[PDB]
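1. structure of the sequence below:
(5 chains, ligands or ions: 3)
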Amino acid sequence: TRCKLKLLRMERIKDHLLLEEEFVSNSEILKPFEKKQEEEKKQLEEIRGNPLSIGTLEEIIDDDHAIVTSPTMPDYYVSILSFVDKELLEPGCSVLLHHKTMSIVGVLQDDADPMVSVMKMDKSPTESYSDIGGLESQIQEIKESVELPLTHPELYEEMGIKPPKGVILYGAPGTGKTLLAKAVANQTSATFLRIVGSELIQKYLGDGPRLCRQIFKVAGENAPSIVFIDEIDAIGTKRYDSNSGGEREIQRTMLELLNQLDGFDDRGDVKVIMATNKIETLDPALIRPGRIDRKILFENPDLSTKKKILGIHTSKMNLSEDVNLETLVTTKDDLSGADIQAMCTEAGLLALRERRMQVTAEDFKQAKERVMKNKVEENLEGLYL
Amino acid sequence: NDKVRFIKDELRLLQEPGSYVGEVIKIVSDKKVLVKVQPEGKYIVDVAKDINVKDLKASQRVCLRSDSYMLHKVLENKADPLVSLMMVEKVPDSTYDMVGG
Amino acid sequence: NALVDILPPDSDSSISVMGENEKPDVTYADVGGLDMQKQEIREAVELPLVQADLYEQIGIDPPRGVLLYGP
Amino acid sequence: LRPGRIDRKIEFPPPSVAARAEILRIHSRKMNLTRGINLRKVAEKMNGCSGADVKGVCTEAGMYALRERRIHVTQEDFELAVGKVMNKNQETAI
Amino acid sequence: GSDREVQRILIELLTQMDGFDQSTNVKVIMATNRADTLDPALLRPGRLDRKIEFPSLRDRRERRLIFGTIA
Ligand SMILES: Nc1ncnc2c1ncn2[C@@H]1O[C@H](COP(=O)(O)OP(=O)(O)OP(=O)(O)O)[C@@H](O)[C@H]1O
Ligand SMILES: Nc1ncnc2c1ncn2[C@@H]1O[C@H](COP(=O)(O)OP(=O)(O)OP(=O)(O)O)[C@@H](O)[C@H]1O
Ligand SMILES: [Mg+2]
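-> Numbering: from 1, shown residues only, chains lettered A, B, ... in the order given. Ligands and ions are numbered 1, 2, ... in the order given. Please find the structure below.
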C-alpha cells in the first residue's frame, strides 16, 4: 500500500522526463529521424494512395518478385517494395497491392480466422482440484504428466528422462473423466484447445483429414498447449450415415490422426488428454504406448469415498438441522458420483416447487428414491454372482 | 429561385464519378477499413477525414464514391446473419393461451 | 450511371405473357377422372380470383401457393 | 439419459375428449360460427388422435362453406368435415 | 461456383413469396414428380401451403373413367 504507491510515483515521473529528452534532441538532428521521417510517411502514403487491392500471394520467387492473384482474375508478376518483411510473405498469405502498378506495398494484416476461434476455449471453470471428492491417487497420476513439467521443468532435466507424453482417462461412466480434465486445464494456464471426437465425422469426402490436420497446427503454434479429445470412442462405435464415404472414410481419417499425434512432423509441445468410456473399441494403433505413455484407469467410488463427494455438493447447499447426511450414503450401494450430484440437484428442485429456501430431510428422501429407479442396475456383474 | 439555380447546375452534377456499395468486414487502427464490393474482391481504403472510424462497426453496409472508393456514409439498412436464419425457417409467435389443452 | 429517366413496368421482361394463340388445346373435357383433384385445384386457384370476398367473410386463410407431387 | 445430464422430461399424451374441446375452440375463434353449435359434440364424435387433425376439421369446414356459398360455418359443415378428415387419415395410417 | 449461384436464385424466390401477400395474385403453382428432394424451406407455412396428391393406384371405377374419354 504505502511503499507500492511511493515507488510508482517516482518511476512514472522519471519515465516522463526521459521521453521528453529523447523527443527534443532527436528532432534537431537530421541524421536520425527529422528530415527523413517527415517525408517518408507522407510520401509512402501519397504515392500508392487508394484503393489498396487485397490479393493472395500464390507463390514467391527468390529474387524479390512474386506471382499474386487478384480476385478480379488478372495474375501479375509483381515486385516486392519498401516496408515489407520478405520472410513473412509465404504461400497463402494475404498482401496489399499498389493499384496503379501492381507491387506489394506490404502486409499489415492480422488475418484472424473463425478456424482458430472454434478450437479455442476462453475457459474460466469454477472447478479447481479438490472439487474431486477423494480418488486422490488418480489425481496424482494426471498432474505428474500434464501440469508438473510446466511448473518445474528442472526435475526432468536433472534426471535426464524425457517427460511422459499423453494420457487416456477411461473407466466407468460417472467417475469424472471430464471433471478431472477441467481441474487440470484450469491450473496450467496453457492454451487449452477442446475438440469433441464426434466432429471428426462430417458429410463430405476427404474433409476428415483436412479438419484433423488443422487442429494440431493451431496447437503447435500456441505451445505450451493441451488438446483434449472428448469421447474419441464415438467415431468407432457409431455410424451417423451422413458421411457417404462409409466405413472406409472413417478409417482413412483415423490414420491421419495417428500421424499428427507422433509421425514425422516433430511438433512442438502438445500434451494430449484422451477421454473415453470404452477402450476396447479404440484402434490398437492409437492406444499403443509411444504416443500415449500412461493409461490412467478409474473405478466406481467406494462407500468411504462417497462421503467426500457428498460433502462437496452439500456444502454449497442450505440445509435444515433435521437432515442426516449419513443415511443418504448407506442406502445406495455402489452408485457413481454423477448420481450423487443429481440427487442434490433434484432435492433442491423439490424444495423450490414448495417454495421454501431450506432443503429439509423429506426433500432428500424423495429425491434419493427417485434417482435409484431411474438408473438401470448393471446386467454385466449380475451375470456373475 | 431554388428551382432555377438547381436546374441549370444539374447538368454538371450528373456527370457523376458513380458510387459503389460494400460492407465493413473489419477495421484496423490505421483509420482504414476493409470493405467488399460484392462481385469483385475486397479493398482496404481510408475514410474521408470528416466521418470517424468509431462510427463504423460490425457489418454496416457502407457507401463509396468510385475514384478512390472513399467511404462517405453509413446506410440506413443493416445486414445481420442471425436474423436471416430465423426468418427463413418461419415460426410464428405463440402464447400460453393458444397452447391451452 | 446517372438515372436520367424511367421505363414502364410491363417492359424489359425476358419472358412475356403467353396465351395470344400459344394457349394449349386441352380442356376439362379431354381430361377424365381424378375428380377429387379437379375440385381441389379449382378451389385453390380459381375461386380466389373471381371471389376474394368469400374467403375473408368466412374467416379462413385462403390457400395461397399450390404444390403438385406424384409419381 | 444419465443422471444429471438433462434436468426435466416432459411427456405429452394424445389429447383426451376434454382437451380436444378446448383445442378445437382455439382454432374456431379465428372464423365464423353459428348460434347453437356445440363444439363439444363434434370433438366426441371425432375419434381423432392429434391436434393437427383437429385443426384440419376447421379448415375443411371452411371448404364446405365455399362450395355452397354459405354465409356462415354451420352445423352441417362440421359433420361432413369430420368424415373427410377421418377417412383420409385412416387410409394413410393403416 | 455452380452451387453458390443456385443458392441466390432460391433465396430470392423465398423472399418474394412472402411479398406476394395482400395482392389479388394467386401465388406460384408448381409441380415436381419428386417429393424427397424438395427443399423444406418452401413448404413452411406462409409460402407454399396446399399440397395436392396424385395417386398411382387406380381403383376399378376411376380406371373406367380414363378409358372412357380416350376411347
Ligand atoms: N469423483 C467425483 N467427485 C465429485 N464430483 C463428481 C465426481 N464424479 C462426477 N462428479 C459430478 O458429476 C458431474 C458429471 O460428471 P462427468 O461429466 O465427469 O461424468 P463422466 O464420467 O465424464 O460421464 P461420461 O461417461 O458421459 O464421460 C460433475 O460435474 C461432478 O459434479
Ligand atoms: N385423367 C386423364 N385423362 C385423360 N388423359 C390423361 C389423364 N391422365 C393422364 N392422361 C394422359 O397422359 C399424358 C401424360 O400426362 P402429363 O405429361 O401431364 O404427366 P406429368 O404428371 O406431367 O408427368 P411428368 O412427371 O413427366 O411431368 C397426358 O398428356 C394425357 O394424354
Ligand atoms: Mg464426460
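2. helix, strand, or coil at residue A:321?
-> Secondary structure for residue A:321, judged by DSSP: H, G, I helix; E, B strand; the rest coil, is coil.
3. the residue of the stretch 51-200 of chain A found nearest chain D - how many residues pack around it?
-> Proximity of the stretch 51-200 of chain A to chain D (Cβ to the nearest Cβ) peaks at residue A:173, 6.5 Å away. All C-beta atoms are positioned from the backbone trio N, CA, C, and that covers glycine. Residues lying near residue A:173 (other Cβ atoms under 10 Å in any protein chain shown) number 13.
4. which residues touch it?
-> Residues near residue A:173 by Cβ atoms under 8 Å, 6 or more residues apart in numbering or on different chains: A:277, A:336, A:338, D:2.
5. what's the nearest residue to residue B:46 if we skip its chain neighbours?
-> residue B:32 (4.9 Å; Cβ to Cβ, 6 or more residues apart in numbering or on different chains).
6. quick one: which of the contacts of residue A:173 has the most company?
-> Most surrounded of the contacts of residue A:173: other Cβ under 10 Å gives residue A:336, at 23 neighbours.
7. pretty sure it is touching residue A:172, no?
-> Yes: counting by Cβ atoms under 8 Å, residue A:336 does reach residue A:172; the two are 6.6 Å apart.
8. which residues are in contact with both of those two?
-> Common contacts of residue A:336 and residue A:172 (Cβ under 8 Å, 6+ apart): residue A:300.
9. from ligand 1, how far out is residue E:65?
-> 62 Å (Cβ to the nearest ligand atom, to the nearest Å).
10. skip the chain neighbours and tell me the closest residue to that residue.
-> residue C:33 (3.6 Å).
11. ok, that neighbour - contacts?
-> With Cβ under 8 Å, 6+ apart, residue C:33 has these contacts: E:62-63, E:65-66.
12. element containing the residue in chain A that chain D sits nearest to?
-> In chain A, the residue that lies nearest chain D is residue A:342 (3.8 Å; Cβ to the nearest Cβ). Assigned by DSSP states H and E, residue A:342 belongs to helix A:337-354.
13. close to ligand 3, is that helix?
-> No: counting by Cβ under 5 Å from the ion, ligand 3 has no neighbours in helix A:337-354; the shortest distance is 9.1 Å.
14. in that helix, what's buried?
-> Neighbour counts over helix A:337-354 (16 or more other Cβ atoms under 10 Å in any protein chain shown) mark A:337-348, A:350-351 as buried.
15. now the most centrally placed residue in chain A. Nearest residue, chain neighbours left out?
-> In chain A, the C-alpha nearest the mean C-alpha coordinate belongs to residue A:193, at 1.7 Å (Cα atoms, centre = their mean). Spatial nearest neighbour of residue A:193, excluding adjacent residues (Cβ to Cβ, 6+ apart): residue A:119 at 4.4 Å.
16. quick one: that neighbour from residue A:111, how far?
-> In this view, residue A:119 and residue A:111 are 16 Å apart by Cβ to Cβ, to the nearest Å.
17. same question, residue B:12
-> 44 Å.
18. thinking residue A:70 is in contact with residue A:58, fair?
-> No: Residue A:70 is beyond contact range of residue A:58, at 10.5 Å (criterion: Cβ under 8 Å).
19. what does chain E have sitting close to ligand 2?
-> Neighbours of ligand 2 within chain E, by Cβ under 6 Å from any ligand atom: E:33, E:66, E:69.
20. can I get those in a markdown table including distance to residue A:2 and neighbour count?
-> Output for those, formatted as a markdown table (distance: Cβ to Cβ, whole Å; neighbours: other Cβ atoms under 10 Å in any protein chain shown):
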| residue | distance to residue A:2 | neighbour count |
| --- | --- | --- |
| E:33 | 87 | 9 |
| E:66 | 104 | 14 |
| E:69 | 107 | 11 |
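21. now the residue of chain E found nearest ligand 1, what's its secondary structure?
-> As assessed by Cβ to the nearest ligand atom, ligand 1 sits closest to residue E:40 within chain E, at 32.8 Å. On the three-state scheme (three-state DSSP), residue E:40 is labelled coil.
22. likewise residue A:23?
-> Quick answer, by three-state DSSP: residue A:23 is helix.
23. hang on, the earlier thing: could you count how many residues lie near the residue nearest to residue A:193?
-> 20.
24. check contacts around it.
-> A:193-195, A:215, A:218-219.
25. what about these, which one has the most neighbours?
-> residue A:219 leads these on contacts (other Cβ under 10 Å) with 25 neighbours.
26. could you report the neighbour count for whichever residue of chain A sits closest to chain B?
-> Among the residues of chain A, residue A:71 lies closest to chain B, at 3.1 Å counting by Cβ to the nearest Cβ. Residue A:71: 13 surrounding residues under other Cβ under 10 Å.
27. leaving out sequence neighbours, find the closest residue to it.
-> Nearest to residue A:71 is residue B:41, by Cβ to Cβ, 6+ apart, at 3.1 Å.
28. ok, now how distant is that neighbour from residue A:91?
-> 18 Å.
29. neighbour-wise, which of those two wins?
-> residue B:41 (15 against 9).
30. pretty sure that one sits against residue A:55.
-> Yes: counting by Cβ under 8 Å, residue B:41 touches residue A:55, with 7.2 Å between them.
31. common neighbours of those two, please.
-> The contact sets of residue B:41 and residue A:55 overlap at A:70-71 (Cβ under 8 Å, 6+ apart).
32. surely residue A:58 meets residue A:67?
-> Yes: contact criterion Cβ under 8 Å: residue A:58 and residue A:67 qualify, at 5.1 Å.
33. who touches both of the two?
-> Contact criterion Cβ under 8 Å, 6+ apart; residues shared by residue A:58 and residue A:67: residue A:75.
34. just give me how far stretch D:76-92 sits from the chain centre.
-> Averaging C-alpha positions (Cα atoms, centre = their mean, to the nearest Å) puts stretch D:76-92 10 Å from its chain's average.
35. what's in contact with it?
-> D:37, D:42, D:45-49, D:53, D:56-58, D:60-65, D:70.
36. then it to CSV, C-alphas only?
-> Provided in CSV are the C-alpha atoms of stretch D:76-92 (Å, rounded to 0.1, in the frame of the first residue of the first chain):
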residue,chain,number,x,y,z
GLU,D,76,-73.7,-29.5,-41.3
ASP,D,77,-70.3,-28.4,-42.4
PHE,D,78,-68.5,-30.0,-39.4
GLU,D,79,-70.3,-33.3,-39.8
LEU,D,80,-69.0,-33.5,-43.5
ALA,D,81,-65.6,-32.3,-42.4
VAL,D,82,-65.1,-34.8,-39.6
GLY,D,83,-65.7,-37.5,-42.2
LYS,D,84,-63.4,-36.2,-44.9
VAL,D,85,-60.5,-35.7,-42.4
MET,D,86,-61.0,-39.0,-40.6
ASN,D,87,-61.2,-41.1,-43.8
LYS,D,88,-58.1,-39.5,-45.3
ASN,D,89,-56.2,-40.1,-42.1
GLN,D,90,-57.2,-43.8,-41.8
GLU,D,91,-56.2,-44.7,-45.4
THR,D,92,-52.7,-43.4,-44.9
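37. buried sites along that stretch?
-> D:77-78, D:81-82, D:85-86, D:89.
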